[PDB]
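Text of input_34.csv (CSV, N, CA and C atoms) as supplied:
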chain,number,residue,atom,x,y,z
A,1,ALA,N,15.8,-21.3,-23.7
A,1,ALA,CA,15.8,-21.4,-22.2
A,1,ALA,C,16.3,-20.0,-21.7
A,2,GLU,N,15.5,-19.0,-21.8
A,2,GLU,CA,15.9,-17.7,-21.2
A,2,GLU,C,15.2,-17.5,-19.9
A,3,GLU,N,15.8,-16.8,-19.0
A,3,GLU,CA,15.2,-16.5,-17.7
A,3,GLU,C,15.7,-15.2,-17.2
A,4,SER,N,16.1,-14.3,-18.1
A,4,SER,CA,16.6,-13.0,-17.7
A,4,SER,C,15.4,-12.0,-17.5
A,5,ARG,N,14.2,-12.6,-17.6
A,5,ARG,CA,13.0,-11.8,-17.4
A,5,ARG,C,11.9,-12.6,-16.7
A,6,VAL,N,11.8,-12.4,-15.5
A,6,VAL,CA,10.8,-13.2,-14.7
A,6,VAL,C,10.2,-12.3,-13.6
A,7,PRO,N,9.1,-11.8,-13.7
A,7,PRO,CA,8.4,-11.0,-12.7
A,7,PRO,C,7.6,-11.8,-11.8
A,8,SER,N,7.9,-11.7,-10.5
A,8,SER,CA,7.1,-12.5,-9.5
A,8,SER,C,6.8,-11.7,-8.3
A,9,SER,N,5.8,-12.0,-7.6
A,9,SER,CA,5.4,-11.2,-6.4
A,9,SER,C,5.5,-12.1,-5.2
A,10,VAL,N,5.9,-11.5,-4.1
A,10,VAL,CA,6.0,-12.3,-2.8
A,10,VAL,C,6.0,-11.4,-1.6
A,11,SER,N,6.1,-11.9,-0.4
A,11,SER,CA,6.1,-11.0,0.8
A,11,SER,C,7.4,-11.1,1.5
A,12,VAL,N,7.8,-10.0,2.1
A,12,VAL,CA,9.1,-10.0,2.8
A,12,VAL,C,9.2,-11.3,3.6
A,13,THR,N,8.1,-11.9,3.9
A,13,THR,CA,8.2,-13.1,4.7
A,13,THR,C,9.0,-14.2,3.9
A,14,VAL,N,8.5,-14.5,2.8
A,14,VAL,CA,9.2,-15.6,1.9
A,14,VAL,C,10.5,-15.0,1.5
A,15,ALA,N,10.6,-13.8,1.1
A,15,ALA,CA,11.8,-13.2,0.6
A,15,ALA,C,12.9,-13.3,1.7
A,16,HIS,N,12.4,-13.2,2.9
A,16,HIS,CA,13.4,-13.3,4.1
A,16,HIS,C,14.1,-14.6,4.0
A,17,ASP,N,13.5,-15.7,3.7
A,17,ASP,CA,14.2,-17.0,3.5
A,17,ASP,C,15.2,-16.8,2.4
A,18,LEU,N,14.9,-16.1,1.4
A,18,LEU,CA,15.8,-15.9,0.2
A,18,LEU,C,16.9,-14.9,0.7
A,19,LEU,N,16.5,-14.0,1.5
A,19,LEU,CA,17.5,-13.0,2.0
A,19,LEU,C,18.6,-13.8,2.8
A,20,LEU,N,18.2,-14.8,3.5
A,20,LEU,CA,19.2,-15.6,4.2
A,20,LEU,C,20.2,-16.3,3.2
A,21,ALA,N,19.7,-16.5,2.0
A,21,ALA,CA,20.5,-17.1,1.0
A,21,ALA,C,21.7,-16.1,0.6
A,22,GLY,N,21.5,-14.9,0.9
A,22,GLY,CA,22.5,-13.9,0.6
A,22,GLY,C,22.3,-13.3,-0.8
A,23,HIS,N,21.2,-12.9,-1.1
A,23,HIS,CA,20.9,-12.4,-2.5
A,23,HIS,C,20.7,-10.8,-2.4
A,24,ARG,N,21.1,-10.1,-3.4
A,24,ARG,CA,20.9,-8.6,-3.4
A,24,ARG,C,19.4,-8.3,-3.2
A,25,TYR,N,19.2,-7.4,-2.4
A,25,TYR,CA,17.8,-6.9,-2.0
A,25,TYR,C,17.6,-5.5,-2.6
A,26,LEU,N,16.7,-5.3,-3.5
A,26,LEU,CA,16.5,-3.9,-4.1
A,26,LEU,C,15.2,-3.4,-3.4
A,27,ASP,N,15.2,-2.2,-2.9
A,27,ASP,CA,14.0,-1.7,-2.3
A,27,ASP,C,13.9,-0.2,-2.7
A,28,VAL,N,12.7,0.3,-2.9
A,28,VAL,CA,12.6,1.7,-3.3
A,28,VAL,C,11.5,2.3,-2.4
A,29,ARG,N,11.9,2.9,-1.3
A,29,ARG,CA,11.0,3.6,-0.4
A,29,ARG,C,10.7,5.0,-0.9
A,30,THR,N,11.8,5.7,-1.2
A,30,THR,CA,11.7,7.1,-1.7
A,30,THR,C,13.1,7.7,-2.0
A,31,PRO,N,13.2,8.5,-3.0
A,31,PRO,CA,14.5,9.1,-3.4
A,31,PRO,C,15.2,9.6,-2.1
A,32,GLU,N,14.5,10.1,-1.2
A,32,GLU,CA,15.2,10.6,0.1
A,32,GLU,C,15.8,9.4,0.7
A,33,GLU,N,15.3,8.2,0.6
A,33,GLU,CA,15.9,7.0,1.2
A,33,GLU,C,17.4,6.9,0.7
A,34,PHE,N,17.6,7.3,-0.4
A,34,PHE,CA,19.0,7.2,-1.0
A,34,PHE,C,19.9,8.2,-0.2
A,35,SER,N,19.4,9.4,0.1
A,35,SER,CA,20.2,10.4,0.8
A,35,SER,C,20.5,9.8,2.2
A,36,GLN,N,19.8,8.9,2.7
A,36,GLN,CA,20.1,8.3,4.0
A,36,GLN,C,21.3,7.4,3.8
A,37,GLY,N,21.4,6.7,2.7
A,37,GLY,CA,22.5,5.8,2.4
A,37,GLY,C,22.0,4.4,2.1
A,38,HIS,N,22.8,3.5,2.5
A,38,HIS,CA,22.5,2.0,2.2
A,38,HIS,C,22.0,1.4,3.5
A,39,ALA,N,22.0,0.1,3.6
A,39,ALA,CA,21.5,-0.6,4.8
A,39,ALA,C,22.3,-1.8,5.1
A,40,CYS,N,22.2,-2.4,6.2
A,40,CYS,CA,23.0,-3.6,6.6
A,40,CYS,C,22.2,-4.8,6.0
A,41,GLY,N,22.8,-5.3,5.0
A,41,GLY,CA,22.2,-6.6,4.4
A,41,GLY,C,20.9,-6.2,3.6
A,42,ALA,N,20.9,-4.9,3.1
A,42,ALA,CA,19.7,-4.5,2.4
A,42,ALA,C,20.1,-3.3,1.5
A,43,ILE,N,19.9,-3.5,0.2
A,43,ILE,CA,20.2,-2.4,-0.7
A,43,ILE,C,18.9,-1.7,-1.2
A,44,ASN,N,18.7,-0.5,-0.6
A,44,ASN,CA,17.5,0.2,-1.0
A,44,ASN,C,17.8,1.4,-1.9
A,45,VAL,N,17.3,1.4,-3.0
A,45,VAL,CA,17.6,2.6,-3.9
A,45,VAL,C,16.4,2.9,-4.7
A,46,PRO,N,16.4,4.1,-5.3
A,46,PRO,CA,15.3,4.6,-6.1
A,46,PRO,C,15.3,4.1,-7.5
A,47,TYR,N,15.1,2.8,-7.7
A,47,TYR,CA,15.1,2.2,-9.0
A,47,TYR,C,16.4,2.5,-9.7
A,48,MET,N,16.5,3.7,-10.2
A,48,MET,CA,17.7,4.1,-11.0
A,48,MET,C,18.5,5.2,-10.2
A,49,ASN,N,19.8,5.1,-10.2
A,49,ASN,CA,20.6,6.1,-9.4
A,49,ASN,C,21.9,6.3,-10.2
A,50,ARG,N,22.3,7.5,-10.3
A,50,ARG,CA,23.6,7.8,-11.1
A,50,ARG,C,24.8,7.5,-10.1
A,51,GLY,N,25.7,6.8,-10.6
A,51,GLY,CA,26.9,6.5,-9.8
A,51,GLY,C,28.0,5.7,-10.6
A,52,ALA,N,29.0,5.2,-10.0
A,52,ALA,CA,30.0,4.5,-10.8
A,52,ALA,C,29.4,3.2,-11.3
A,53,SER,N,28.1,3.1,-11.1
A,53,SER,CA,27.4,1.9,-11.6
A,53,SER,C,27.4,2.0,-13.1
A,54,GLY,N,27.9,3.1,-13.7
A,54,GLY,CA,27.9,3.3,-15.1
A,54,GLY,C,26.8,4.3,-15.5
A,55,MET,N,26.4,5.2,-14.7
A,55,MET,CA,25.4,6.2,-15.0
A,55,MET,C,24.1,5.5,-15.4
A,56,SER,N,23.1,5.6,-14.6
A,56,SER,CA,21.8,5.0,-14.9
A,56,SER,C,20.7,5.7,-14.1
A,57,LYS,N,20.0,6.6,-14.7
A,57,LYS,CA,18.9,7.3,-14.0
A,57,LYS,C,17.6,7.3,-14.8
A,58,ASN,N,16.6,6.7,-14.2
A,58,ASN,CA,15.3,6.6,-14.9
A,58,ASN,C,15.0,7.8,-15.7
A,59,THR,N,15.4,7.8,-17.0
A,59,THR,CA,15.1,9.0,-17.9
A,59,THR,C,15.1,8.5,-19.3
A,60,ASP,N,16.1,7.8,-19.7
A,60,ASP,CA,16.1,7.3,-21.2
A,60,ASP,C,16.9,6.0,-21.2
A,61,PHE,N,17.8,5.9,-20.3
A,61,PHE,CA,18.7,4.6,-20.3
A,61,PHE,C,17.8,3.4,-20.3
A,62,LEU,N,16.6,3.6,-19.9
A,62,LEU,CA,15.6,2.4,-19.9
A,62,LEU,C,15.6,1.8,-21.3
A,63,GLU,N,15.6,2.6,-22.3
A,63,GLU,CA,15.7,2.0,-23.7
A,63,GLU,C,17.0,1.3,-23.9
A,64,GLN,N,18.1,1.8,-23.4
A,64,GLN,CA,19.4,1.1,-23.5
A,64,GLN,C,19.4,-0.1,-22.5
A,65,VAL,N,18.9,0.1,-21.3
A,65,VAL,CA,18.9,-1.0,-20.3
A,65,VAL,C,17.8,-2.0,-20.7
A,66,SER,N,16.6,-1.5,-20.9
A,66,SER,CA,15.5,-2.4,-21.3
A,66,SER,C,15.9,-3.1,-22.6
A,67,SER,N,16.9,-2.6,-23.3
A,67,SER,CA,17.3,-3.2,-24.6
A,67,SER,C,17.5,-4.7,-24.4
A,68,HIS,N,18.0,-5.1,-23.3
A,68,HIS,CA,18.2,-6.6,-23.0
A,68,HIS,C,18.7,-6.7,-21.6
A,69,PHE,N,18.6,-5.7,-20.8
A,69,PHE,CA,19.0,-5.8,-19.4
A,69,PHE,C,18.1,-5.0,-18.4
A,70,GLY,N,18.0,-5.4,-17.2
A,70,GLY,CA,17.1,-4.7,-16.2
A,70,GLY,C,17.9,-4.1,-15.1
A,71,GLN,N,17.5,-2.9,-14.7
A,71,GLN,CA,18.3,-2.3,-13.6
A,71,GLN,C,18.4,-3.2,-12.4
A,72,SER,N,17.5,-4.2,-12.3
A,72,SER,CA,17.6,-5.2,-11.2
A,72,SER,C,17.6,-6.6,-11.9
A,73,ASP,N,18.0,-6.7,-13.1
A,73,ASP,CA,18.1,-8.0,-13.8
A,73,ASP,C,18.5,-9.1,-12.8
A,74,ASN,N,17.6,-10.0,-12.6
A,74,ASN,CA,18.0,-11.1,-11.6
A,74,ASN,C,18.2,-10.5,-10.2
A,75,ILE,N,17.2,-9.9,-9.7
A,75,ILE,CA,17.4,-9.4,-8.3
A,75,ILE,C,16.1,-9.5,-7.6
A,76,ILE,N,16.1,-9.1,-6.3
A,76,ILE,CA,14.8,-9.2,-5.6
A,76,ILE,C,14.4,-7.7,-5.2
A,77,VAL,N,13.4,-7.3,-5.9
A,77,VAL,CA,12.9,-5.9,-5.7
A,77,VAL,C,11.6,-5.9,-4.9
A,78,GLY,N,11.3,-4.8,-4.3
A,78,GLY,CA,10.0,-4.7,-3.5
A,78,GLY,C,9.8,-3.2,-3.2
A,79,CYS,N,8.5,-2.9,-3.3
A,79,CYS,CA,8.1,-1.4,-3.0
A,79,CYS,C,7.7,-1.3,-1.5
A,80,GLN,N,8.0,-0.3,-0.9
A,80,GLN,CA,7.6,-0.1,0.5
A,80,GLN,C,6.2,-0.5,0.8
A,81,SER,N,5.3,-0.3,-0.2
A,81,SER,CA,3.9,-0.7,0.0
A,81,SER,C,3.6,-1.9,-0.8
A,82,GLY,N,2.6,-2.6,-0.5
A,82,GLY,CA,2.3,-3.9,-1.2
A,82,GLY,C,0.9,-3.8,-1.8
A,83,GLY,N,0.5,-4.7,-2.6
A,83,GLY,CA,-0.8,-4.7,-3.2
A,83,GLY,C,-1.0,-3.5,-4.1
A,84,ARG,N,-1.1,-2.4,-3.5
A,84,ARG,CA,-1.3,-1.1,-4.3
A,84,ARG,C,0.0,-0.9,-5.2
A,85,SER,N,1.1,-1.3,-4.7
A,85,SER,CA,2.3,-1.1,-5.4
A,85,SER,C,2.5,-2.3,-6.3
A,86,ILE,N,2.0,-3.4,-6.0
A,86,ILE,CA,2.1,-4.6,-6.8
A,86,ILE,C,1.5,-4.3,-8.2
A,87,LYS,N,0.4,-3.8,-8.3
A,87,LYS,CA,-0.2,-3.4,-9.6
A,87,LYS,C,0.6,-2.2,-10.2
A,88,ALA,N,1.1,-1.4,-9.4
A,88,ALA,CA,2.0,-0.3,-9.9
A,88,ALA,C,3.2,-0.8,-10.6
A,89,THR,N,3.8,-1.8,-10.0
A,89,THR,CA,5.0,-2.4,-10.6
A,89,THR,C,4.6,-3.0,-12.0
A,90,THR,N,3.4,-3.5,-12.2
A,90,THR,CA,3.0,-4.0,-13.5
A,90,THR,C,3.1,-2.9,-14.5
A,91,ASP,N,2.8,-1.7,-14.2
A,91,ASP,CA,3.0,-0.5,-15.1
A,91,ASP,C,4.4,-0.4,-15.5
A,92,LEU,N,5.3,-0.5,-14.6
A,92,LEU,CA,6.8,-0.4,-14.9
A,92,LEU,C,7.2,-1.7,-15.7
A,93,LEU,N,6.6,-2.8,-15.4
A,93,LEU,CA,6.9,-4.0,-16.2
A,93,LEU,C,6.7,-3.8,-17.7
A,94,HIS,N,5.6,-3.1,-18.0
A,94,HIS,CA,5.3,-2.8,-19.4
A,94,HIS,C,6.5,-1.9,-20.0
A,95,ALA,N,7.0,-1.1,-19.2
A,95,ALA,CA,8.2,-0.2,-19.6
A,95,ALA,C,9.4,-1.1,-19.6
A,96,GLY,N,9.4,-2.2,-18.9
A,96,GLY,CA,10.6,-3.1,-18.8
A,96,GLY,C,11.0,-3.3,-17.4
A,97,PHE,N,10.4,-4.1,-16.6
A,97,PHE,CA,10.8,-4.3,-15.2
A,97,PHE,C,10.6,-5.8,-14.8
A,98,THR,N,11.4,-6.6,-15.5
A,98,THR,CA,11.2,-8.1,-15.1
A,98,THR,C,12.6,-8.7,-14.8
A,99,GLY,N,12.6,-9.9,-14.5
A,99,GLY,CA,13.9,-10.6,-14.2
A,99,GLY,C,14.2,-10.4,-12.7
A,100,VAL,N,13.3,-10.0,-11.9
A,100,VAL,CA,13.5,-9.7,-10.5
A,100,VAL,C,12.2,-10.1,-9.7
A,101,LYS,N,12.4,-10.3,-8.4
A,101,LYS,CA,11.2,-10.7,-7.6
A,101,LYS,C,10.6,-9.4,-7.0
A,102,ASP,N,9.3,-9.3,-6.9
A,102,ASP,CA,8.7,-8.1,-6.3
A,102,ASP,C,8.3,-8.5,-4.9
A,103,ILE,N,9.0,-7.9,-3.9
A,103,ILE,CA,8.6,-8.2,-2.5
A,103,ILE,C,7.8,-7.0,-1.9
A,104,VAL,N,7.0,-7.3,-0.9
A,104,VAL,CA,6.2,-6.3,-0.3
A,104,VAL,C,6.8,-5.7,0.9
A,105,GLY,N,7.0,-4.5,1.0
A,105,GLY,CA,7.7,-3.8,2.1
A,105,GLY,C,9.2,-3.9,1.9
A,106,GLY,N,9.9,-4.0,3.0
A,106,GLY,CA,11.4,-4.1,3.0
A,106,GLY,C,12.0,-3.2,4.1
A,107,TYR,N,12.3,-2.0,3.7
A,107,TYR,CA,12.9,-1.1,4.7
A,107,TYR,C,12.1,-1.0,6.0
A,108,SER,N,10.8,-1.0,5.8
A,108,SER,CA,9.9,-1.0,7.0
A,108,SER,C,10.2,-2.2,7.9
A,109,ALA,N,10.4,-3.3,7.4
A,109,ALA,CA,10.7,-4.5,8.2
A,109,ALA,C,12.2,-4.4,8.6
A,110,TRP,N,13.1,-4.2,7.7
A,110,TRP,CA,14.5,-4.1,8.0
A,110,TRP,C,14.7,-3.0,9.0
A,111,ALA,N,13.9,-1.9,8.8
A,111,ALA,CA,14.0,-0.8,9.8
A,111,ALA,C,13.6,-1.3,11.1
A,112,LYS,N,12.7,-2.2,11.2
A,112,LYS,CA,12.3,-2.8,12.5
A,112,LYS,C,13.5,-3.2,13.3
A,113,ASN,N,14.5,-3.8,12.6
A,113,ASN,CA,15.8,-4.2,13.2
A,113,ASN,C,16.5,-3.0,13.8
A,114,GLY,N,16.9,-2.2,12.9
A,114,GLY,CA,17.6,-0.9,13.3
A,114,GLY,C,19.1,-1.1,12.9
A,115,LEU,N,19.4,-1.8,11.9
A,115,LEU,CA,20.9,-2.0,11.6
A,115,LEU,C,21.1,-1.6,10.1
A,116,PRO,N,21.2,-0.3,9.8
A,116,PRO,CA,21.4,0.2,8.5
A,116,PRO,C,22.9,0.4,8.1
A,117,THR,N,23.4,-0.3,7.2
A,117,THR,CA,24.8,-0.1,6.8
A,117,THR,C,24.9,0.9,5.7
A,118,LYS,N,25.8,1.9,5.8
A,118,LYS,CA,25.9,2.9,4.8
A,118,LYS,C,27.0,3.8,5.1
A,119,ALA,N,27.4,4.6,4.2
A,119,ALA,CA,28.6,5.5,4.4
A,119,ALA,C,28.1,6.7,5.3
Could you take the file, read its structure, and then write that structure out as C-alpha cells?
Amino acid sequence: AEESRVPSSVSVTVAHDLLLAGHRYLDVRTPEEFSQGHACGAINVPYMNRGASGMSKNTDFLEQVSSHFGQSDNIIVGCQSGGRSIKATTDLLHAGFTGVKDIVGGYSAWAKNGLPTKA
C-alpha cells in the first residue's frame, strides 16, 4: 500500500476546495517568479530551488530525490498553463514527478486576488 507516487490532473477550481483544506500549493510560473518571493496562501517556486531546504536544484539531485522522494512528494503542483503543460508534466513524470496533484494555472488566479505574502 504505497501512495508516495500519484500523479493527477485537476483545475484550480477543484484544487481551490483542497486549498481551503490548507495544503501546500506548488506553482511554477517562471524562475523570475521566485525573485518576486512567495505568496499569501500560495507557494510558487521553480520546481527546484537552492535554500535551507537542504540544497535542491534541478540538475542532478533528481537522481537522489527521485531515488525515493519527490521535490513535491505529496503536494499540489500546477503549471501556469494547462493542457499544453499537462502533457509537459508527463515528460517530467518520466524523470520522476509523481506523488503530487497537477493543477492548471495558480498564480494567475491567486494573482487575481492581489495578496502575495513574501519577504
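When all atoms listed in the file are used to compute distances to residue A:28, the closest of the residues A:79, A:62, A:86, A:42 turns out to be A:79.
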Item to check | strand (DSSP E or B) call set, DSSP backbone run, chain A, as a ChimeraX atom specification | outcome: /A:8-11,25-28,39,42-44,75-79,100-104
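Here atom C of residue A:92 is placed at a distance of 28.7 Å from atom CA of residue A:112.
When only C-alpha atoms are used to compute distances to residue A:58, the closest of the residues A:118, A:8, A:46, A:29 turns out to be A:46.
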Checklist entry - With only C-alpha atoms as the basis for distance, which of A:30, A:74, A:81, A:117 is at the shortest distance from residue A:5? => result A:74
Checklist entry - Can you tell me, as a PyMOL selection string, what residues are no more than 7 Å from residue A:23 when counting only N, CA and C atoms, ignoring any on the same chain fewer than 3 positions away? => result chain A and resi 18-20+26+75-76
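Shortest separation to residue A:105 among A:67, A:85, A:80, A:39 occurs at residue A:80, atoms counted being all atoms listed in the file.
Distance-wise, atom CA of residue A:72 and atom CA of residue A:27 end up 10.2 Å apart.
Going from atom N of residue A:55 over to atom CA of residue A:25, you cover 19.5 Å.
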Checklist entry - Could you name the residues that touch residue A:102 at 5 Å or less, counting all atoms listed in the file, but leaving out those on the same chain fewer than 3 positions away, as a count of residues only? => result 5
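Using all atoms listed in the file, the smallest distance between any of A:45, A:1, A:7, A:68 and residue A:101 comes from A:7.
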Next on the checklist: Just want the 7 Å neighbourhood of residue A:95, counted on only N, CA and C atoms, with same-chain residues fewer than 4 positions away dropped. Output as an NGL selection string.
Outcome noted: :A and (66 or 90-91)
Next on the checklist: According to DSSP computed on the backbone, where in stretch 1-111 of chain A is there helix (DSSP H, G or I)? Give the residues as a ChimeraX atom specification.
Outcome noted: /A:12-21,31-36,61-65,84-96,107-111
Could you write out that same residue set with N, CA and C atoms as a compact mmCIF listing (two decimals), in the frame of the given file?
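Final output, again.txt:
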# COMPACT_ATOMS: atom_id res chain seq x y z
N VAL A 12 7.80 -10.00 2.10
CA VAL A 12 9.10 -10.00 2.80
C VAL A 12 9.20 -11.30 3.60
N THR A 13 8.10 -11.90 3.90
CA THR A 13 8.20 -13.10 4.70
C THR A 13 9.00 -14.20 3.90
N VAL A 14 8.50 -14.50 2.80
CA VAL A 14 9.20 -15.60 1.90
C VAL A 14 10.50 -15.00 1.50
N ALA A 15 10.60 -13.80 1.10
CA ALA A 15 11.80 -13.20 0.60
C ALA A 15 12.90 -13.30 1.70
N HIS A 16 12.40 -13.20 2.90
CA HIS A 16 13.40 -13.30 4.10
C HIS A 16 14.10 -14.60 4.00
N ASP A 17 13.50 -15.70 3.70
CA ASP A 17 14.20 -17.00 3.50
C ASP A 17 15.20 -16.80 2.40
N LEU A 18 14.90 -16.10 1.40
CA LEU A 18 15.80 -15.90 0.20
C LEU A 18 16.90 -14.90 0.70
N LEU A 19 16.50 -14.00 1.50
CA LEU A 19 17.50 -13.00 2.00
C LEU A 19 18.60 -13.80 2.80
N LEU A 20 18.20 -14.80 3.50
CA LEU A 20 19.20 -15.60 4.20
C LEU A 20 20.20 -16.30 3.20
N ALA A 21 19.70 -16.50 2.00
CA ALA A 21 20.50 -17.10 1.00
C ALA A 21 21.70 -16.10 0.60
N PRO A 31 13.20 8.50 -3.00
CA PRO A 31 14.50 9.10 -3.40
C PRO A 31 15.20 9.60 -2.10
N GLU A 32 14.50 10.10 -1.20
CA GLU A 32 15.20 10.60 0.10
C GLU A 32 15.80 9.40 0.70
N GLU A 33 15.30 8.20 0.60
CA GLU A 33 15.90 7.00 1.20
C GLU A 33 17.40 6.90 0.70
N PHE A 34 17.60 7.30 -0.40
CA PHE A 34 19.00 7.20 -1.00
C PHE A 34 19.90 8.20 -0.20
N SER A 35 19.40 9.40 0.10
CA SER A 35 20.20 10.40 0.80
C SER A 35 20.50 9.80 2.20
N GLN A 36 19.80 8.90 2.70
CA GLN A 36 20.10 8.30 4.00
C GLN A 36 21.30 7.40 3.80
N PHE A 61 17.80 5.90 -20.30
CA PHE A 61 18.70 4.60 -20.30
C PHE A 61 17.80 3.40 -20.30
N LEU A 62 16.60 3.60 -19.90
CA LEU A 62 15.60 2.40 -19.90
C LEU A 62 15.60 1.80 -21.30
N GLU A 63 15.60 2.60 -22.30
CA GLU A 63 15.70 2.00 -23.70
C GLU A 63 17.00 1.30 -23.90
N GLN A 64 18.10 1.80 -23.40
CA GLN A 64 19.40 1.10 -23.50
C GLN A 64 19.40 -0.10 -22.50
N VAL A 65 18.90 0.10 -21.30
CA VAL A 65 18.90 -1.00 -20.30
C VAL A 65 17.80 -2.00 -20.70
N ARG A 84 -1.10 -2.40 -3.50
CA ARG A 84 -1.30 -1.10 -4.30
C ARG A 84 0.00 -0.90 -5.20
N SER A 85 1.10 -1.30 -4.70
CA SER A 85 2.30 -1.10 -5.40
C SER A 85 2.50 -2.30 -6.30
N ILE A 86 2.00 -3.40 -6.00
CA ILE A 86 2.10 -4.60 -6.80
C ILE A 86 1.50 -4.30 -8.20
N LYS A 87 0.40 -3.80 -8.30
CA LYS A 87 -0.20 -3.40 -9.60
C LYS A 87 0.60 -2.20 -10.20
N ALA A 88 1.10 -1.40 -9.40
CA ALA A 88 2.00 -0.30 -9.90
C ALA A 88 3.20 -0.80 -10.60
N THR A 89 3.80 -1.80 -10.00
CA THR A 89 5.00 -2.40 -10.60
C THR A 89 4.60 -3.00 -12.00
N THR A 90 3.40 -3.50 -12.20
CA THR A 90 3.00 -4.00 -13.50
C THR A 90 3.10 -2.90 -14.50
N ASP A 91 2.80 -1.70 -14.20
CA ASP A 91 3.00 -0.50 -15.10
C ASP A 91 4.40 -0.40 -15.50
N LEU A 92 5.30 -0.50 -14.60
CA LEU A 92 6.80 -0.40 -14.90
C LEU A 92 7.20 -1.70 -15.70
N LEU A 93 6.60 -2.80 -15.40
CA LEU A 93 6.90 -4.00 -16.20
C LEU A 93 6.70 -3.80 -17.70
N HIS A 94 5.60 -3.10 -18.00
CA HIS A 94 5.30 -2.80 -19.40
C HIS A 94 6.50 -1.90 -20.00
N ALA A 95 7.00 -1.10 -19.20
CA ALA A 95 8.20 -0.20 -19.60
C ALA A 95 9.40 -1.10 -19.60
N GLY A 96 9.40 -2.20 -18.90
CA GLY A 96 10.60 -3.10 -18.80
C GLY A 96 11.00 -3.30 -17.40
N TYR A 107 12.30 -2.00 3.70
CA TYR A 107 12.90 -1.10 4.70
C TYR A 107 12.10 -1.00 6.00
N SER A 108 10.80 -1.00 5.80
CA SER A 108 9.90 -1.00 7.00
C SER A 108 10.20 -2.20 7.90
N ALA A 109 10.40 -3.30 7.40
CA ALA A 109 10.70 -4.50 8.20
C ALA A 109 12.20 -4.40 8.60
N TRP A 110 13.10 -4.20 7.70
CA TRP A 110 14.50 -4.10 8.00
C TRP A 110 14.70 -3.00 9.00
N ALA A 111 13.90 -1.90 8.80
CA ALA A 111 14.00 -0.80 9.80
C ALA A 111 13.60 -1.30 11.10
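Within 6.5 Å of residue A:73, once all atoms listed in the file are used and residues closer than 4 positions along the same chain are dropped, the contacting residues are residues 4, 69, 98, 99 and 100 of chain A.
Each of A:71, A:89, A:113, A:11 was compared to residue A:48 using only C-alpha atoms, and A:71 turns out to be the nearest.
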